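> Below you will find the structure I want to go over with you.
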Amino acid sequence: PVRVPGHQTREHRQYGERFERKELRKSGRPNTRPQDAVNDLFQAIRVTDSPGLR
RNA sequence: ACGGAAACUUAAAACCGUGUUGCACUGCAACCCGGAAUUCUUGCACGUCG
């Protein structure tokens, strides 16, 4: 299980960033990089916002 | 001392005067600046309480 290694605030929480583009962006077009906005596979489901209540 | 010997066919005079290369005539009739392209794909108002 991967950790959040670092002493300063710049490198405490940063492993939520560099791991979020490792096994999560695998759509794999032959002309675009994986590690950006296009090649995501987490764009599968499409959330609809909840209605208004009392 | 040859019907011989002398003599300019000569002087002047404007081929000039009147007269539009002119009058009628569309550079005109017909046409689309017209057809096919997602403003898009990654993203939690939250860490923080002796």
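Going by the structure tokens order, chains are called A, B, ..., each with residues numbered from 1, while ligands are numbered from 1 in the order shown.
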Please find the residues of chain B near chain A - the criterion being any atom within 12 Å, counting only C-alpha atoms (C1' of nucleotides) - and write them as a PyMOL selection string.

chain B and resi 40-43+47

> Output N, CA, C and O atoms (P, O5', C5', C4', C3', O3' and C1' of nucleotides) of each residue in that selection to a file, as a PDB file, in the first residue's frame.


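Generated file (part23.pdb):
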```pdb
ATOM      1  P     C B  40     -19.678  23.543 -24.135  1.00  0.00           P
ATOM      2  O5'   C B  40     -18.677  22.645 -23.283  1.00  0.00           O
ATOM      3  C5'   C B  40     -17.282  22.655 -23.532  1.00  0.00           C
ATOM      4  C4'   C B  40     -16.851  21.514 -24.422  1.00  0.00           C
ATOM      5  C3'   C B  40     -16.357  20.259 -23.715  1.00  0.00           C
ATOM      6  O3'   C B  40     -17.428  19.371 -23.423  1.00  0.00           O
ATOM      7  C1'   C B  40     -14.794  20.927 -25.382  1.00  0.00           C
ATOM      8  P     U B  41     -17.188  17.965 -22.671  1.00  0.00           P
ATOM      9  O5'   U B  41     -16.022  18.261 -21.632  1.00  0.00           O
ATOM     10  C5'   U B  41     -15.742  17.346 -20.583  1.00  0.00           C
ATOM     11  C4'   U B  41     -14.728  16.326 -21.017  1.00  0.00           C
ATOM     12  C3'   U B  41     -13.677  15.961 -19.980  1.00  0.00           C
ATOM     13  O3'   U B  41     -14.115  14.964 -19.073  1.00  0.00           O
ATOM     14  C1'   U B  41     -12.622  16.470 -22.036  1.00  0.00           C
ATOM     15  P     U B  42     -13.675  15.027 -17.530  1.00  0.00           P
ATOM     16  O5'   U B  42     -12.088  14.939 -17.573  1.00  0.00           O
ATOM     17  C5'   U B  42     -11.411  13.777 -17.119  1.00  0.00           C
ATOM     18  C4'   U B  42     -10.438  14.110 -16.019  1.00  0.00           C
ATOM     19  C3'   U B  42     -11.019  14.882 -14.845  1.00  0.00           C
ATOM     20  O3'   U B  42     -11.671  14.048 -13.902  1.00  0.00           O
ATOM     21  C1'   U B  42      -9.025  15.929 -15.566  1.00  0.00           C
ATOM     22  P     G B  43     -13.100  14.465 -13.293  1.00  0.00           P
ATOM     23  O5'   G B  43     -12.729  15.426 -12.082  1.00  0.00           O
ATOM     24  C5'   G B  43     -11.708  15.069 -11.157  1.00  0.00           C
ATOM     25  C4'   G B  43     -11.191  16.260 -10.388  1.00  0.00           C
ATOM     26  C3'   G B  43     -12.223  16.977  -9.517  1.00  0.00           C
ATOM     27  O3'   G B  43     -11.604  17.417  -8.311  1.00  0.00           O
ATOM     28  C1'   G B  43     -11.285  18.508 -11.058  1.00  0.00           C
ATOM     29  P     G B  47     -12.698  18.697   6.052  1.00  0.00           P
ATOM     30  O5'   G B  47     -11.499  18.147   6.940  1.00  0.00           O
ATOM     31  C5'   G B  47     -10.571  19.042   7.531  1.00  0.00           C
ATOM     32  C4'   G B  47      -9.284  19.109   6.748  1.00  0.00           C
ATOM     33  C3'   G B  47      -8.030  19.326   7.575  1.00  0.00           C
ATOM     34  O3'   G B  47      -7.540  18.136   8.167  1.00  0.00           O
ATOM     35  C1'   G B  47      -8.020  20.794   5.713  1.00  0.00           C
TER      36        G B  47
END
```

> I need the residues in chain A that are helix (DSSP H, G or I) according to DSSP; give them as an MDAnalysis selection string.

chainID A and resid 9:12 14:16

> Write the residues you've just listed into a file as a short mmCIF file (atom, residue, chain, number, x, y, z; two decimals), in the first residue's frame, and include N, CA and C atoms for each of them.


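And here's part-v5.cif as it stands now:
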```
data_model
loop_
_atom_site.label_atom_id
_atom_site.label_comp_id
_atom_site.auth_asym_id
_atom_site.auth_seq_id
_atom_site.Cartn_x
_atom_site.Cartn_y
_atom_site.Cartn_z
N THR A 9 5.30 20.51 3.48
CA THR A 9 3.92 20.54 3.01
C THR A 9 3.83 20.41 1.48
N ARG A 10 4.86 20.87 0.76
CA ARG A 10 4.98 20.64 -0.67
C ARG A 10 5.06 19.15 -1.02
N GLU A 11 5.67 18.32 -0.16
CA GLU A 11 5.74 16.90 -0.46
C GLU A 11 5.08 15.99 0.56
N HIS A 12 4.20 16.49 1.42
CA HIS A 12 3.35 15.59 2.19
C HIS A 12 2.29 14.95 1.30
N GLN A 14 1.56 15.07 -1.98
CA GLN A 14 1.68 15.12 -3.44
C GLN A 14 1.45 13.77 -4.10
N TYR A 15 1.46 12.67 -3.33
CA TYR A 15 1.24 11.36 -3.93
C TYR A 15 -0.22 11.10 -4.29
N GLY A 16 -1.13 12.01 -3.95
CA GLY A 16 -2.46 11.97 -4.54
C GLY A 16 -2.48 12.50 -5.96
#
```

> Select, from A:53, A:2, A:33, A:7, the residue with the minimum atom-to-atom distance to residue 19 of chain A, counting only C-alpha atoms.

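Checking each of A:53, A:2, A:33, A:7 against residue 19 of chain A, counting only C-alpha atoms, the winner is A:2.
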